[PDB]
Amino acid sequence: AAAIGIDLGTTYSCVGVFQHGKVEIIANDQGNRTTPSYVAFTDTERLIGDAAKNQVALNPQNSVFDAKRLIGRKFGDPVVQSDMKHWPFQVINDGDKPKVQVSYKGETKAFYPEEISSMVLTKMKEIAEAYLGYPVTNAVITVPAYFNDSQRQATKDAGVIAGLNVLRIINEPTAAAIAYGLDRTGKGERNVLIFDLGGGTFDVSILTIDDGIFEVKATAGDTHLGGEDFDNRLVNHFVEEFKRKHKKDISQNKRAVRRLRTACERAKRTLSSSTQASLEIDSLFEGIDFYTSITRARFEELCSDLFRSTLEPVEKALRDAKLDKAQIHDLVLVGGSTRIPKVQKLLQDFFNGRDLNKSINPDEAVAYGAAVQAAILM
């Protein structure tokens, strides 16, 4: 029985398996090759993934996401205190450890972040088993390069809770380099830059690989810049358009905003391959249909400051690594948001036109490398 590779992501997770000699990234039951790291507790069931993220509930307190932001941290951590101010669910203190408290089937329940993450890993395990047709018990799970020992142990604990034997925890940028075979270099140092713009975080890592051995030389980024922020700019744009056209403010109706956010995320993705996207929602607010569109150009304008801001951490990483651009041998794209053409253009221009590694979908590259590593260790 195969071991799998799992990218347990801040916003989206992905699972792959090495078989027939290569990695197959596995689609979930809605046919999506990544799954939101998102749980919802309802009157009658626990929803995980797409069903949780797109649920349109009257009571927003009972969904949980961003557990990776809490994992391995103490309640009084200023990052925890800061993040709590923008989550709809309740974080409580139990012996200086944060727990999330929700109502499920009418009863109050609290969960440690490792337990929430275990539910996401359980879903990914189940996606893999549905595809393989047999049970899976072994996995490699990835984490950010900047995770410390406590965060790594907590991620392994989430794996154990989910019923997995965790063969190894590897760094996300290392996983991406392995996906592209950059581990097979030979004697002599090879410097790899990983540009990872995801749904919630932006990370730039510089790795040196020497005779198969990886060393992280520098990391930089922004833990609050990602695709969700671009979604938010689109949602705000369309809320303004609705008010302009229909003289009604929908922004305080949680159900309308949720439906709009789901439609906006789809439209954003479409703008990565097409030059315009339709946005069509029946009965969005007070019975009023909302049919409209947006061009790729307009989306780029809405997000221009955020896209440009990704270049400073690249300069920082290079400075910390004491490397010139020409000393970087391979550039690798990771993260769903690096599928945005404007983002690729900015990075390519910064690197004087050089080729970017992007043939593996960037939102899948981490799971791909994790799956290669899982096959190696089994």
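Numbering starts at 1 and runs along the sequence shown.
Relative to its counterpart among 279 to 287 and 149 to 157, 279 to 287 has the higher mean temperature factor, C-alpha atoms as listed in the PDB entry. Once the C-alpha B-factors are averaged per stretch, 80 to 88 and 202 to 210 rank with 80 to 88 first. Looking at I48, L331, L58, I340, the one whose CA carries the top B-factor in the deposited record is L58. The residue among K247, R261, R269, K99 whose C-alpha atom has the highest B-factor in the PDB entry is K247. Ranked by Cα temperature factor within the chain, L70 sits in the lowest third according to the deposited record. In this PDB entry, the Cα temperature factor of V39 sits in the bottom third of its chain's modelled residues, the lowest group. Remark: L318 belongs to the middle third of its chain, ranked by C-alpha B-factor as recorded.
In the PDB entry, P144 places in the lowest third of its chain by CA B-factor.
In the PDB entry, a CA B factor belonging to the lowest third of its chain's modelled residues is recorded for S63.
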